[PDB]
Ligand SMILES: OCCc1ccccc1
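Consider the single chain below, provided in structure tokens and representing the form deposited without this ligand.
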């Protein structure tokens, strides 16, 4: 594990730099952007907007983002490669399945799914040769039967390739606990795993208990807040009413309990969003005009001000991501 695969090819571990580990260029659905690009204005408008945002994040110090859009989030790796080249920001692409698998995925065995993820990691996505650098999976509460198969196959693909696994959770339901049981049932090392959306909960005990076991804790929703828009139900349903400062203080809490090495921080931001209500992007961009730069422009200063040492901030934002993404065989 001395090389990370990006959408422009392999980079060395030290080239990754300041890394956002849970982002998206566009959250959509399989086939959707190519079938109905006008939903986003145009594919050109979407790309131009992504490049603007990536250029601003780059200005703020971001060197790499991990796009955790799976097949069923409508990942378009050709778009990723395009905006990565235009903005000069490294993008790591994902394989895996999120919670909108179509029938041709849903009906598949753990063995078939394992071959699919391996294809995307080892040989390349679609016909592009672009290899995924991470595996994304998801539950929303107790795993469905198919979701158990997805997590087992993600564990098998990770063991075979060294590529890490990262999760969507409903944190309020402590999904991370079931996810960890399943992964461990496959012999996967907890240090290969990031339990994501974990700042959606204030149950610190749930969080430290997982970190104690060696899991990475993805605090990737820091800017997600509907405060000031509580009368917009779709936004509050999506974003929650907890403030960004509250979410960021979980980072400090984890640090204070000794778990700085287990923390990964991100915005879970995006430049198009079709798998929710129309015009939701306009709401989100008003909520967080900084977009992906929110972590380096607002969160890191806030923590430093609350007394987090520069050294600890560099560890969380540079070191942990490098360790996590470096392909690492058991």
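Positions refer to the first chain, counted from 1.
Unshown form deposited with this ligand bound; subsequent notes refer to it.
K.L.:
Would 18, 300 and 317 all count as contacting this ligand in the deposited complex, using a 4.5 Å heavy atom cut-off?
P.N.:
Checking in the deposited complex: 18, 300 and 317 are all within 4.5 Å of this ligand.
K.L.:
Using the partner position in the deposited complex, report whether residue 310 sits within 4.5 Å of this ligand, counting heavy atoms only.
P.N.:
Answer yes; at least one heavy atom of residue 310 falls within 4.5 Å of this ligand in the deposited complex.
K.L.:
Can you list, in sequence order, the residues from 51 to 66 that come within 4.5 Å of this ligand in the deposited complex, counting heavy atoms only?
P.N.:
Heavy-atom contacts within 4.5 Å come from 61, 63.
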